[PDB]
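Below is one structure; the comments refer to it alone.
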Amino acid sequence: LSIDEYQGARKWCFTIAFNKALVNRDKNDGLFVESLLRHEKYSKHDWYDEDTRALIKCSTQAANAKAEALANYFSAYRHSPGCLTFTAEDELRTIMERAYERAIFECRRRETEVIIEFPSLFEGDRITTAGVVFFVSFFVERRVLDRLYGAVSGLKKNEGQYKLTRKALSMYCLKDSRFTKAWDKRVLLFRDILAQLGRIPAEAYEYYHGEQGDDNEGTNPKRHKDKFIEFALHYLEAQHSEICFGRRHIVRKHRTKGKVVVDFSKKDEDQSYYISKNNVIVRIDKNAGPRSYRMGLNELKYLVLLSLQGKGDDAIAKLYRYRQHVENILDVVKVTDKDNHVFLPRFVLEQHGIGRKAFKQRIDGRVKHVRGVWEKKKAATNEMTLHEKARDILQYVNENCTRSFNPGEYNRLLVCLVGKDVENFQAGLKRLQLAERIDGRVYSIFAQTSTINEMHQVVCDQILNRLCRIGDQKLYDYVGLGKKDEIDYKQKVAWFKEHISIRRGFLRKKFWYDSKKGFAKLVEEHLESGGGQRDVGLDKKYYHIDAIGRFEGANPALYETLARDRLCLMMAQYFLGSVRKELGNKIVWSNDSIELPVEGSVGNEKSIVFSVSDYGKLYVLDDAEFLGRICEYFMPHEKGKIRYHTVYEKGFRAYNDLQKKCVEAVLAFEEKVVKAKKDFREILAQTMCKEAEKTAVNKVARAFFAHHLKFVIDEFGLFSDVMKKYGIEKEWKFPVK
RNA sequence: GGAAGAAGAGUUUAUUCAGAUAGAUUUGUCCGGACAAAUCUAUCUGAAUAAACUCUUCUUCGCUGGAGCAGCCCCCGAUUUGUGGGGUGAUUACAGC
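Those letters in the first sequence? Residues 138 to 874, by the numbering used here.
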């Protein structure tokens, strides 16, 4: 349809389409892959062949150059004549044919019409408008593609074949609706954190909804375990760069047996952190060299809280200093003061003579503790599990035996005891008695008993009797105070220097010195003031018990579980608000919404409102200051909180209607001035207008070209009058619109 | 009616997503017309993360010496997890039979 003849001002609608394609490419380069993989990525089956899939995956970043080249040719009448023609040798021409064939086959699966072939062929090296619209189908949304499919293109003419042509070209296009990116890591963290935070604590579930006898996870779940540490470590890694915690892996007498090794490699996703009784290992790498420490939960929660206030990084610096200070103390142990005294462990201080304890007090402390443990075990006979009882009974036999039991023999005896086959135990005792490994007294005392409870009671009686016997050196041997020390001091000091740990409560004294408030008050004040502006979904019924006294009962536990849980809430926000880099810092959270405030008047009413799903990067979303500008210049009357859909449906239409009429006029002016005269603002430079006015007109043109507006108000009037000078005038009602 | 760890097989519970099917509202295109987007309300498939519950296979379950600056427990107080004072015959970033 005179595709080559179509030139000059008669064809300008492609210009804005390619300008939009450029800004879409700037937002995301992967849109090409997404459009090519629309039906396969989130679905079970792929109609693409393996070779076609390999071609699509390998073909990346080359197509955008071709798109940019075509945009330049369509943009200007002056230059770039040979861009349109392309060789059939190109692989892009192969993948286009494959995709078009698959799409037309899918449309033919609709068996309504097969009579007429849909035209999409490119004649030899040249490409028709069908090829151009098919190519620009990628990188754009549905509505712009429909507008370009309008009467501007000659294909729009309605026939019986028209509907199938509309479907085939639009097959690989993406709707301007959300199409939210959902497989990102941060979103999958946020959803699970919220879901787990919506669960009943165990202790409160035991009573409030507690049943006299006890569905399960069915209706109102119970959180069996707490996962505060896993989320806190993820947040700490995400926020800062230096910190990377240790991780554990498994790979492969007591020789060459597989033993877990703590390593700091981040290559494998399967690696899980190393937490054993609420201890972690941290790495601080900066400046001269790496360093490391181990920390408890108490110093972890304070740092996690400190980061959110915005002072976190400085705190990390203090950790870097800590080790050095300890070194100084090791030189001045005798000289230094009490504050440095609390830093060093016991054995270091004991050598200098400080903290020595009398032997008799040690004996008295040890013996009563051991006797209390053993008398508790006596009352706990039936309650304990078989695993504990078997070890308890075997301990007496192994202690009585003169020769240390072989590790291999231990397992079979443990299996025999746990199997309730006490006869095998008796047989083993008889076998060991003959060689005299074990005393015959144990065999005599064990023979009568027939149940594990009876044997446990017998053993407890013997242990209590032997503890009851008068003081002797055998008592010291049995309690373990008799052992001597044969290791030099220097090796122990070297080991201690190799392995250091942080004092408990170190962070709290440094900054919150004057504070009288506890943990909960400190969390709650920042939650109310800094802008959490939310509370956990659970009612205060579960987190407190009214009947029992406040201090009495299990209430001291739950009152803390709330105080930490609030912190978790804030962390979840950081995993969603950080999706966008440009905005997301000015964003303010409020009651399950996300609001972006625009000052405007001194009274703030120009705020815009997103939902959680809307903030997920739909194609409609953009940068920050452009929103304020489009609100200022267009639709001034509306005030108050505005749903983003209203701005989307109002401002963008006015912007497009203005821009099309502006660009067509400027192109016509360029053509006319080029004809009258007989790139890079050469015409505007030729104009007798002032250089400031040249800058104004080219700035106004390039602003509408780049889809962002930053020009001042006065420039548009100058552009209007200079355009009027050439004799072509049209009114767009831009100001006070 | 043994305990932890690993590999594997599943099972069902609650939130998200993609492609399709209807209803209302609303906007803009064409010579009253269909169409094109959107926001809510129901329908059908499929996919991913999390929690719990079964089954199969395997692996380890000892003794000696140093460490309690870290993790646990009792006194003493408290809108509560405290650089207030006393224990823990060791839980291990470890070394030897």
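Beta carbons are placed, not taken as given, at the ideal position from N, Cα and C, and that holds for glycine.
Cβ neighbour criterion (16 or more within 10 Å) applied to residue i
| i | result |
| --- | --- |
| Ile-607 | exposed |
| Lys-567 | exposed |
| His-593 | buried |
| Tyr-533 | buried |
| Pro-872 | exposed |
| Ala-208 | buried |
| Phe-496 | exposed |
| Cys-605 | exposed |
| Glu-866 | exposed |
| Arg-703 | buried |
| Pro-256 | exposed |
| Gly-268 | buried |
| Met-707 | buried |
| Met-432 | buried |
| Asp-751 | buried |
| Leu-550 | buried |
| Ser-274 | buried |
| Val-834 | buried |
Beta-carbon separation (whole angstroms), residue i vs residue j, contact threshold 8 Å
| i | j | result |
| --- | --- | --- |
| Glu-819 | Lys-776 | Wrong, their Cβ atoms sit about 46 Å apart, outside the cutoff. |
| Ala-838 | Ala-146 | That pair is no contact at about 15 Å. |
| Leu-821 | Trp-869 | About 20 Å; that fails the 8 Å criterion. |
| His-478 | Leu-486 | 7 Å |
| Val-441 | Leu-373 | 7 Å |
| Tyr-309 | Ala-236 | 7 Å |
| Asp-313 | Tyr-756 | 5 Å |
| residue 96 | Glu-808 | An answer regarding residue 96 cannot be provided, because it is not within the stretch 138 to 874 covered by the chain. |
| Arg-645 | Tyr-439 | 6 Å |
Which of helix, strand or coil DSSP assigns to residue i
| i | result |
| --- | --- |
| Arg-431 | strand |
| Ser-730 | strand |
| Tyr-410 | strand |
| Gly-690 | coil |
| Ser-378 | coil |
| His-216 | coil |
| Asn-424 | coil |
| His-371 | helix |
| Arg-780 | strand |
| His-478 | helix |
| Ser-307 | helix |
| residue 101 | Nothing can be reported for residue 101: it is not among the residues displayed for the chain, which extend from 138 to 874. |
| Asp-400 | strand |
| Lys-318 | coil |
| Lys-646 | helix |
| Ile-337 | strand |
| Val-746 | strand |
| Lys-312 | coil |
| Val-289 | coil |
| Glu-348 | coil |
| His-462 | helix |
| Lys-359 | strand |
Top-ranked residue by Cα proximity to residue i, from the options
| i | options | result |
| --- | --- | --- |
| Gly-788 | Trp-649, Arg-641, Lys-874 and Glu-296 | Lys-874 |
| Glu-234 | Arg-246, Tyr-615, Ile-193 and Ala-206 | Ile-193 |
| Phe-842 | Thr-231, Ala-213 and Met-860 | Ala-213 |
| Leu-699 | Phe-365, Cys-150 and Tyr-286 | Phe-365 |
| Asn-537 | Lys-812, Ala-584, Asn-561 and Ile-600 | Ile-600 |
| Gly-297 | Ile-253, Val-273 and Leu-282 | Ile-253 |
| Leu-855 | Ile-865, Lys-847, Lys-867 and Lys-831 | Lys-831 |
| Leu-301 | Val-716, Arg-460, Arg-493 and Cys-244 | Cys-244 |
| residue 949 | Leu-229, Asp-227 and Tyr-210 | The chain is shown only over 138 to 874; residue 949 falls outside these bounds and no answer can be derived. |
| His-391 | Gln-610, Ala-206, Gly-545 and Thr-266 | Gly-545 |
| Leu-331 | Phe-712, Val-784, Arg-766 and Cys-768 | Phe-712 |
| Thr-586 | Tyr-439, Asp-558, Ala-833 and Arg-574 | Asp-558 |
| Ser-748 | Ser-738, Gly-509 and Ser-727 | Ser-727 |
| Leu-229 | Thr-249, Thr-197, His-216 and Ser-217 | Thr-197 |
| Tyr-770 | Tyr-792, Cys-826, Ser-444 and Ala-425 | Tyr-792 |
| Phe-401 | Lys-514, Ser-413 and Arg-385 | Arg-385 |
Legend entry - Any alpha helix (DSSP H) of 4 or more consecutive residues that is wholly inside the region 809-847: For the region 809-847, whole alpha helix (DSSP H) runs of length 4 or above, ordered along the chain, are 819-823 and 828-842.
Inset, instruction - Enumerate, from N- to C-terminal direction, the unbroken alpha helix (DSSP H) stretches of 4 or more residues contained entirely within the region 579-618. - result: Along the region 579-618, the alpha helix (DSSP H) occurs as fully enclosed runs of 4 or more residues at 589-605 and 610-616, listed in sequence order.
Inset, instruction - Jot down the residue ranges of each uninterrupted alpha helix (DSSP H) in the region 489-536, minimum 4 residues, whole runs only, in chain order. - result: The qualifying runs are 496-516.
Legend entry - Runs of alpha helix (DSSP H) wholly within the region 537-561 (minimum 4 residues, chain order): The region 537-561 is shown to contain whole alpha helix (DSSP H) runs of 4 or more residues at 544-555, in chain order.
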